[PDB]
Amino acid sequence: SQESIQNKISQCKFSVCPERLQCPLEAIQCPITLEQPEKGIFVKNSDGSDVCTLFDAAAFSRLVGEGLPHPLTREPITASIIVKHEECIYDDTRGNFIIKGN
């Protein structure tokens, strides 16, 4: 349900800033807008995996609204891939957001 995804990205978003997340700009960088989201959201690359990526809230939301596949892996975008803040935690060794909630 696209509308449930839109609601998700609206409330499940958060202040994506290196001051908040304590990670470098590149680490928290939106792949879509190649910049600091400032306000973005933790969404999986792929649902049945631990690989979570941080996107821009407005950029990812409009992408879903265009009815496009996933920016990274071209899988079906759903609310099921959209996960919490606690979930996706920047591990420098992996270079990616790892899961804490599954």
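Residues numbered from 1 in each chain as written, not as in the entry; some residues may be left out. Heavy atoms only, no water.

Some thoughts on the packing of aromatic side chains
Line of reasoning, step 1. Inspection of every chain in the model, using the stated rule, returns 4 aromatic pairs.
Line of reasoning, step 2. With centroids separated by 4.6 Å and ring planes inclined at 45 degrees, the aromatic side chains of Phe-14 and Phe-42 adopt a geometry described as tilted. Note that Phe-14 is positioned in the loop between α1 (2-11) and α2 (18-21) and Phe-42 in strand β1 (residues 40-44), a separation of 28 residues in sequence. Grouping residues by exposure puts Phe-14 and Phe-42 together as buried.
Line of reasoning, step 3. Judged by centre distance (5.0 Å) and plane angle (55 degrees), the ring pair of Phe-42 and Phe-97 falls under tilted. Of this pair, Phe-42 sits in strand β1 while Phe-97 sits in strand β4 (residues 96-98), and the two are 55 residues apart along the sequence.
Line of reasoning, step 4. Site record: aromatic cluster; members linked through ring pairs are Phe-14, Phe-42, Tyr-90 and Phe-97. (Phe/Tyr/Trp six-rings, centres within 6.5 Å; stacked < 30°, edge-to-face > 60°. Helix = DSSP H or I, 4+ residues; strand = E, 2+ residues; numbered from the N terminus. Buried < 20%, exposed > 50% of the residue type's maximum accessible area, 1.4 Å probe, protein only.)

So far we have only geometry, and geometry alone does not tell us how the molecule works.
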